[PDB]
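Everything on this sheet refers to the single structure shown next.
2 protein chains.
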Amino acid sequence: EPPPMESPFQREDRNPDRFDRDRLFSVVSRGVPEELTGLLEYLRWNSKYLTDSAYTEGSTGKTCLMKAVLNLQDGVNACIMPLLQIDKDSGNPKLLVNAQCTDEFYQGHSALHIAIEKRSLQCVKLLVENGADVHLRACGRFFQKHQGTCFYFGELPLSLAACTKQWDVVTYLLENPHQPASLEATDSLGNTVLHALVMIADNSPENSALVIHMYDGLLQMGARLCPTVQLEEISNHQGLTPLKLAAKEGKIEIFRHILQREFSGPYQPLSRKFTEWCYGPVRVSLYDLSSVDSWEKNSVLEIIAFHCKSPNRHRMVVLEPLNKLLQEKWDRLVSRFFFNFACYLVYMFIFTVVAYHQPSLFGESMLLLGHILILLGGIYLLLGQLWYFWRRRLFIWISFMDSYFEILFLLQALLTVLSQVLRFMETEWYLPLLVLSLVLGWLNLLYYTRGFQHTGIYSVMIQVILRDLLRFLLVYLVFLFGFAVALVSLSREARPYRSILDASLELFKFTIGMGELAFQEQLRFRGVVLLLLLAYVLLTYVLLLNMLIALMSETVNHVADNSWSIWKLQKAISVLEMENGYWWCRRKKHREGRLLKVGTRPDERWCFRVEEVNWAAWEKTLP
Amino acid sequence: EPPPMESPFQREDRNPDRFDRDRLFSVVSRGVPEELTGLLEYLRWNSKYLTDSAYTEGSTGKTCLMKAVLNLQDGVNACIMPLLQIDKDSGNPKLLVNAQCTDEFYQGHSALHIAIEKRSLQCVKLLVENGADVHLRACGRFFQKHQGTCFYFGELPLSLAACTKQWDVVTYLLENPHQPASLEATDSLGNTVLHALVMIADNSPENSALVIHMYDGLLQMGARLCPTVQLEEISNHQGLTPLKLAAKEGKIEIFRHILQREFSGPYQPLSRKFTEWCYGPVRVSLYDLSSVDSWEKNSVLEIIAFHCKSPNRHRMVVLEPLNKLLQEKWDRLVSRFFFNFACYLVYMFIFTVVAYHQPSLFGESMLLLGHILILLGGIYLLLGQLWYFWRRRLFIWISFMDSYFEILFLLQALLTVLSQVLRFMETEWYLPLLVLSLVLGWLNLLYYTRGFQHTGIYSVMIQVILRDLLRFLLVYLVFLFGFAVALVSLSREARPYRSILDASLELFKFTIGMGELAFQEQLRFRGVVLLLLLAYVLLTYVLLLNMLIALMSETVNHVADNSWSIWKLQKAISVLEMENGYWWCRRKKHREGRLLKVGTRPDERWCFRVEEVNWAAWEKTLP
Ligand SMILES: CCCCCCCCCC(=O)OC[C@H](COP(=O)([O-])OCCN)OC(=O)CCCCCCCCC
Ligand SMILES: CCCCCCCCCC(=O)OC[C@H](COP(=O)([O-])OCCN)OC(=O)CCCCCCCCC
Ligand SMILES: NCCOB(c1ccccc1)c1ccccc1
Ligand SMILES: NCCOB(c1ccccc1)c1ccccc1
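In order, the protein sequences belong to chains A and B. Letter by letter, the first sequence follows residues 31 to 45, 72 to 417, 429 to 530, 532 to 563, 589 to 694, 699 to 720 in the deposited numbering. Letter by letter, the second sequence follows residues 31 to 45, 72 to 417, 429 to 530, 532 to 563, 589 to 694, 699 to 720 in the deposited numbering.
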């Protein structure tokens with residue numbers, strides 16, 4: 031285990073009048089500069105420096121200056137200025153101010169990080185004025201984002217200040233003469249203070265207000281400080297911009313704010329929403345499509361559909377501009393959606409005919436042509452599904468609850484092709500596969516219920533249970549096998590249940606409401622056999638009643654309004670897929686919106706126009 | 031797509073020192089009148105006028121004055137007075153102030169509409185003083201009432217002011233010397249400012265308070281301004297008065313207010329409720345029956361029962377006066393309701409006897436007389452239902468959930484007459500129709516459960533499910549046919590399910606709790622047949638459990654108090670129908686209430706007396 035960062039109780043580990077580490081750590085933690093007065097002479101005589109291993113905590117590299125800054129009284133410690141002076145007077149080739157922790161838990165942590173976290177502006181000035189490097193990165197495992205004891209803030213001093221909500225510190229780090237911070241500076245993950253603010257977001261009303269106020273403030277500060285730099289166009293090492301990371305992470309509160317952002321006055325160029333005209337309850341705005349429109353690779357639309365794993369995903373697609381943008385893409389695409397459904401219906405009708413009236417193991432030529440059409444249709448679907456899974460490869464397995472139709476379309480195509488292979492091999496097992504393929508092909512027809520709102524919102528309200537059906541079956545099949553062996557073993561002796594599979598299927602019938610209690614008067618232990626069947630029935634009815642109740646509690650503890658939101662996400666995934674066109678013929682992707690000058694920095702952007710009517714909001718504005 | 035009404039970003043389309077449109081639109085949008093100083097000379101030299109196509113936006117006809125009024129700074133634009141002066145000085149045969157948009161989206165929109173919407177009283181005065189026509193109608197598709205981007209306010213300047221809650225503007229438009237507005241003036245739909253206020257209503261607490269305050273204020277203003285005009289007696293082009301339109305539209309908050317309206321002092325003639333005497337918790341009021349009592353065609357009672365499609369309909373019939381009026385009409389009618397039920401019981405008893413003991417394909432004469440009575444009874448019911456559907460023709464298909472008994476009474480009569488026709492033709496299919504008619508005739512008996520409160524409120528709480537029964541059957545019958553073809557196809561091969594209909598009916602039994610899992614040891618693929626039946630059962634139980642849960646969520650998310658309200662609406666529909674009498678004998682409709690002088694304008702009205710006891714309200718009035 032790593033040592034505590036500071037402790038009143040446990041001493042730091044080991045792993072002319074004398075001035076050892078424990079003497080030094082005692083004076084600086086008490087804060088009494090007059091007791092430091094032998095130290096320069098001792099160091100000089102020995103040729104030792106305060107950076108040396110003998111003066112650190114052995115396991116971390118934590119120095120006397122870090123010890124001093126961990127121990128502040130009313131934001132001050134009178135040792136810091138003398139101790140820094142002694143380092144300068146010593147002639148150390150390294151600088152004490154820039155010393156860092158070397159432990160795998162606290163790696164790169166420095167006195168400046170501690171000063172900022174202790175909220176002492178005086179110490180921040182005092183360190184920066186004495187040559188503190190404002191770009192050292194606290195990159196150790198305590199500082200990385202994961203489960204358990206950690207605090208991610210980015211890794212830089214400016215990013216800590218921002219995430220700790222210290223505006224005085226942030227402005228001093230940016231504006232100071234000695235070593236000004238950079239808004240462009242980046243951590244070991246490529247995250248810039250704007251990315252760090254997106255990562256610390258939690259979608260809570262308070263955290264959101266802090267994050268939004270610190271994000272906007274820094275963006276305004278950047279407009280003054282570094283006017284030639286687009287701070288929101290800088291990408292992580294995963295090639296995400298702060299808006300794209302807010303989408304990936306599912307930080308809906310900050311995502312909404314960035315996407316909708318509007319300012320008047322000198323900061324207008326920092327807007328993404330530009331209000332165009334109002335009339336009564338009608339508001340028309342232009343929205344900036346930059347990095348949002350599916351025209352370009354790795355957009356927020358593709359990230360929300362494919363790369364995000366947040367439960368928030370459906371809530372994100374119903375925000376403007378995305379809600380109107382996706383509606384326009386759907387209105388353009390919907391003819392191709394019903395054409396695809398028509399082709400699938402024709403294929404499934406030909407499949408149904410070819411399955412239904414087929415000989416036992429002109430009309431023969433029509434049956435052969437029918438087999439050929441379903442073989443070709445099965446190959447075509449197989450290729451299309453293989454291309455889908457290959458195109459998704461970097462983010463497969465994100466959401467089975469959105470993906471499962473793509474697996475079942477693959478499965479139906481595989482069994483169709485395999486059945487037609489076995490039919491060419493003339494082997495009787497082809498008929499089972501063709502019939503099982505017909506069954507999946509009819510069930511797969513439910514995919515298209517998303518293409519109509521009436522059937523799309525009903526299907527989404529329902530399609532709740534298929535996750536619970538497994539948990540039931542797995543638990544129950546364990547009861548089933550135990551009672552099945554017990555029945556077979558007990559039925560061997562004469563004065589039914591002949592095999593484990595036979596007995597399991599009888600016990601299954603008793604579960605699904607098809608049971609048959611009677612005295613089995615053929616066999617010796619008929620009373621004990623009846624006891625087992627009674628016990629099995631009662632335990633099964635308990636387990637079913639438990640399942641029903643568990644499920645019903647999650648029905649009372651539910652909100653109906655998600656149904657429309659989840660249906661919009663299904664249409665979004667459909668739109669984004671079919672905007673590519675088919676595996677055998679790529680689509681020309683045209684850009685949405687139009688290119689307009691929104692001001693001067699010439700600030701020209703692809704803007705999408707959105708018209709919103711809001712009687713409630715407008716009436717609140719009246720006298 | 032139509033252009034934006036105004037844009038900072040997109041220039042208006044095209045489709072002596074020079075003074076083109078872009079020079080002109082630039083000066084007036086900036087608001088700098090000194091830059092306008094060449095324009096008169098240029099226009100004069102060319103013989104051009106500011107109304108001409110060259111100076112408009114080409115696609116809309118939007119003029120420089122509309123551009124000027126779209127761009128107000130602190131409610132002003134210093135260009136307007138110079139620009140109007142230049143139009144007068146030009147000698148234009150048209151007047152710039154009265155220029156209007158010609159686009160199909162903004163048709164008839166004018167500078168005065170924009171000024172009012174921008175809430176600039178100064179511009180309204182400045183336009184009216186320079187000859188603005190206060191009766192131009194904004195009738196384009198943006199201004200009509202429909203789905204998507206629009207704002208209906210009526211179409212007139214006075215109606216916009218009222219719906220935008222501008223009392224200063226409303227009074228100035230009414231009272232000014234130059235061109236006074238008319239409270240009687242009417243839009244392209246016949247709607248007068250009072251109708252427009254009913255159309256903008258939404259039944260929300262805030263919208264209702266605005267609408268009510270603007271309606272009452274205008275009605276008081278009309279009493280002063282145009283004393284000889286009954287503003288509430290003016291009809292739409294659909295022949296509806298503002299009260300009747302509030303009923304049709306289902307605007308229950310404004311409907312209640314108009315219906316119940318009471319004033320003391322100089323405005324007393326504007327009342328519809330007149331308080332008569334109070335004693336402790338007892339209040340007696342007269343209510344004005346004008347346009348409310350079913351005596352006259354197209355009353356609010358007939359509109360609520362027949363012509364309204366709002367979910368609010370049941371809430372509207374329980375307001376006074378209507379609640380006591382309908383109770384008095386029911387108390388008068390109820391003998392005829394039970395007489396009709398007695399005749400239907402006698403017919404259904406004779407039908408039951410004649411169906412039950414009938415020969416295979429004196430007592431014979433009694434059976435023939437029984438057939439004649441049910442033929443005549445079936446003809447009589449057929450005619451009565453045909454007359455009902457013809458009388459309803461303008462508003463059939465409003466509410467199947469209120470109408471369905473009128474369809475099922477028609478259906479039973481058709482099958483009865485047709486069965487007796489086939490019985491005269493001596494063909495064996497008559498017995499199925501007579502028996503199917505008997506079944507419907509017994510189910511139709513449930514209609515009369517509304518005639519008693521004990522059975523009327525119980526039936527209404529229940530009769532929830534019949535809409536969900538279809539959605540279940542349709543989805544489920546698609547699973548059924550897919551598995552049915554699959555079973556038939558798989559059962560053809562020997563070592589049950591012989592036909593698609595046979596297999597479908599077996600799979601139906603498995604759904605309704607009558608299933609039969611067994612190894613079908615007669616046929617080759619018995620294991621795969623059992624796999625299909627297991628899969629079918631499990632998918633069916635998932636689909637049933639989904640339906641049960643969906644339905645149960647709409648049971649927790651429900652309010653029981655609607656039951657009594659919906660039963661009153663059923664009695665209202667019954668009352669209004671039977672007040673006509675029968676298809677073979679029209680009823681004399683007597684008027685309700687009595688003719689009383691409620692004041693002097699002699700203000701004599703048909704008043705209905707209502708007595709209400711309200712301990713709770715009265716006790717709040719005590720010290
Ligand atoms: C109207 C007459 C049709 C005759 C039958 C043709 C074979 C159809 C095979 C089939 O079922 O295709 C369905 C497919 C839509 O797939 P999807 O995107 O919904 O699947 C995934 C949904 N979850 O449809 C398409 O991709 C478009 C149809 C084929 C275009 C021509 C192909 C030419 C190839 C050289
Ligand atoms: C007491 C002895 C009765 C002997 C049987 C007479 C035939 C009755 C046929 C029948 O079922 O009539 C029901 C009908 C009421 O209909 P409704 O308004 O409830 O239907 C719609 C409800 N949803 O009832 C009536 O309209 C009134 C009864 C008939 C009056 C005499 C007719 C003379 C014609 C020249
Ligand atoms: N034939 C299309 C009917 O649409 B509906 C529908 C039918 C089956 C599955 C899903 C939706 C519908 C939904 C609610 C009430 C009434 C009908
Ligand atoms: N015979 C008339 C009984 O009325 B009740 C009634 C019976 C059947 C259908 C509807 C209502 C009733 C209602 C609630 C509690 C008890 C009885």
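Every residue, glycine too, gets a C-beta built ideally from N, C-alpha and C.
Grab me the residues of residue i's own chain with a C-beta within less than 7 Å of its C-beta, minus the 5 sequence neighbours each way, in chain order.
i                      : result
residue 200 of chain A : 206, 208
residue 40 of chain B  : 34
residue 120 of chain B : 80, 81, 84, 106, 111, 139
residue 483 of chain B : 441, 445, 504
Can you have a look at residue i and say buried or exposed, based on whether 16 or more other CB atoms are within 10 angstroms of its CB?
i                      : result
residue 359 of chain A : buried
residue 73 of chain A  : exposed
residue 508 of chain B : buried
residue 335 of chain B : exposed
residue 97 of chain B  : exposed
residue 298 of chain B : buried
residue 517 of chain A : buried
residue 398 of chain A : exposed
residue 163 of chain A : buried
residue 590 of chain A : buried
Identify, in the order they occur along the chain, each residue of the same chain with its Cβ nearer than 8 Å to the Cβ of residue i, setting aside the five sequence neighbours on each side.
i                      : result
residue 131 of chain B : 174, 175, 176, 177, 178, 179
Within the present structure, is the beta-carbon of residue i separated from the nearest heavy atom of ligand 2 by less than 8 Å?
i                      : result
residue 454 of chain B : no
residue 400 of chain B : yes
residue 160 of chain B : no
residue 467 of chain B : no
residue 451 of chain A : no
For residue i, which residues from the same chain have a beta carbon less than 6 Å from its beta carbon, with the 5 sequence-adjacent residues on both sides left out?
i                      : result
residue 161 of chain A : 32, 196, 197, 198
residue 339 of chain A : 709
residue 689 of chain A : 704
residue 661 of chain A : 373, 374
residue 135 of chain B : 84, 87, 89, 124
Measure how close the beta-carbons of residue i and residue j come, nearest whole angstrom, since I'm counting them as under 8 Å.
i                      : j                      : result
residue 702 of chain A : residue 344 of chain A : 5 Å
residue 172 of chain A : residue 220 of chain A : 7 Å
residue 558 of chain A : residue 625 of chain A : 7 Å
residue 372 of chain A : residue 308 of chain A : 6 Å
residue 630 of chain B : residue 603 of chain B : 6 Å
Shorter than 8 Å, the distance from the beta carbon of residue i to the closest heavy atom of ligand 3, or not?
i                      : result
residue 633 of chain B : no
residue 516 of chain A : yes
Is residue i near ligand 4 - that is, is its Cβ less than 8 Å away from at least one heavy atom of it?
i                      : result
residue 525 of chain B : yes
I'd like to confirm something about residue i: is its beta-carbon nearer than 8 Å to some heavy atom of ligand 5, or not?
i                      : result
residue 396 of chain B : Of the ligands one can find in the structure shown, namely ligand 1, ligand 2, ligand 3 and ligand 4, none is ligand 5.
For residue i, is the beta carbon positioned less than 8 Å from some heavy atom of ligand 1?
i                      : result
residue 443 of chain A : yes
**Item:** Short-range partners of chain A found in the segment 206 to 221 of chain B, where Cβ spacing is below 9 Å
**Value:** 206, 207, 209, 216, 219, 220, 221
**Item:** Contact set between the segment 649 to 671 of chain A and chain B, restricted to residues whose Cβ is under 7 Å from the partner
**Value:** 649, 651, 653
**Request:** Closer than 9 Å, Cβ to Cβ, to anything on chain A: give me those residues from the segment 233 to 262 of chain B, in chain order.
**Result:** 256, 258, 260, 262
**Message:** Counting only Cβ-Cβ distances shorter than 7 Å, please list the residues of the segment 333 to 354 of chain A near chain B, keeping chain order.
**Reply:** 333, 335, 336, 337, 338, 340, 342
**Request:** Name, going along the chain, the residues of the segment 120 to 154 of chain B whose beta-carbon falls closer than 8 Å to a beta-carbon of chain A.
**Result:** 126
**Message:** Under 8 Å, CB to CB, which of the residues in the segment 266 to 287 of chain B have a partner in chain A?
**Reply:** 266
**Message:** Along the segment 389 to 411 of chain B, where does the CB come closer than 9 Å to a CB of chain A? Name the residues.
**Reply:** none
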